[PDB]
Amino acid sequence: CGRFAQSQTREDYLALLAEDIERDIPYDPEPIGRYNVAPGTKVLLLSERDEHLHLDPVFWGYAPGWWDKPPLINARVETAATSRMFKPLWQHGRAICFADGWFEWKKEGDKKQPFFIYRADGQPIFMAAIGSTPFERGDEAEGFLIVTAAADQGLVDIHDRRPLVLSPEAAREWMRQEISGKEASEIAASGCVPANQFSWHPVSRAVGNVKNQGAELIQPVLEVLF
DNA sequence: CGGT
């Protein structure tokens, strides 16, 4: 899930999670408009502090000072809660990245065909994230990662891993500062949306170029024309 | 010492 779409208005995503009384997020009617969100950019990221939900632009990537490789963008659910690298983020840096769906590239010979994957029921996805607090500092090296899970059922035809997508109810619980890392592991297990709830289709190869951010990038295409 |  090295690219995803976050294109609609803030209210389109937030309405499933909390009413205004629980938010500390200014009203803004403008669609976010990003059909092709990429690592290393700042992404509007949802988290809880001071008993309210906050939305901060946070760098997608995590590279502490001792990390001498490109920033990581994912953390595996199987191990993140106990990892020497990710455990503190799992405990105190949990967050949600909302989106319309995500992209994966299926290997087809020596070519790579992108697909867009989304909920068949038409709800946005609430992707489980972990990251470096305080998020509001706007760090350009230590931001957030999207937690991943194994692909299952039809999804394995496309790619072997997928974002850990949570139900709206589980997403709200995941963010709470009062719940422990162990309770968060329980939420990740119980709230994960199963593979059979997703649909997908091939999309234009144009999504590979981050200059492109338009709505056509999520439209179904004939693979033969690419 | 720490990963996808």
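Just so it is clear: chains get the letters A, B, ... in the order the sequence lines come, proteins before strands, and each one is counted from 1. Every heavy atom of this structure was used, including side-chain atoms; hydrogens, water molecules and symmetry mates were not.
Put simply, CG on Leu89(A) is 11 Å from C1' on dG2(B), counting in whole angstrom units. Rounded to whole angstrom, the span from the CG atom of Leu145(A) across to the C1' atom of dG2(B) amounts to 13 Å. Spacing between atom CZ of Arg162(A) and atom P of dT4(B) amounts to 17 Å, rounded to whole angstrom units. Atom P of nucleotide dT4(B) and atom CD1 of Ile130(A) are separated by 9 Å, given to the nearest angstrom. Here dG3(B) presents its P atom at 10 Å from NZ of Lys69(A), a figure rounded to the nearest Å.
Every residue two or more places apart in sequence or in another chain that forms a salt bridge (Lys or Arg N to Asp or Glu O under 4.0 Å) with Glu136(A) is listed here: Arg49(A). Listed by chain and number, the residues in a salt bridge (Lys or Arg N to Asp or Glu O under 4.0 Å) with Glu223(A) amount to none (sequence neighbours excluded).
Contacts between residues 76-88 of chain A and DNA chain B, defined by a heavy-atom separation under 4.0 Å, are made by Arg76(A), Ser83(A), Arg84(A), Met85(A), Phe86(A).
A stacking contact links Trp66(A) to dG2(B): the aromatic ring centre lies within less than 5.5 Å of the base's six-membered ring centre, and the planes differ by less than 30°.
Remark: side-chain polar atoms of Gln197(A) are not paired, donor with acceptor, to backbone N or O of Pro194(A) under 3.5 angstrom. Under a 3.5 Å cut-off, the side chain of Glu173(A) and the backbone N or O of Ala184(A) do not form any donor-acceptor pair.
Rounding to the nearest 0.5 angstrom, the gap separating the CD1 atom in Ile96(A) from the CZ atom in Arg94(A) is 10.0 Å. To the nearest 0.5 angstrom, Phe115(A) atom CZ is 9.5 Å from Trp200(A) atom CH2.
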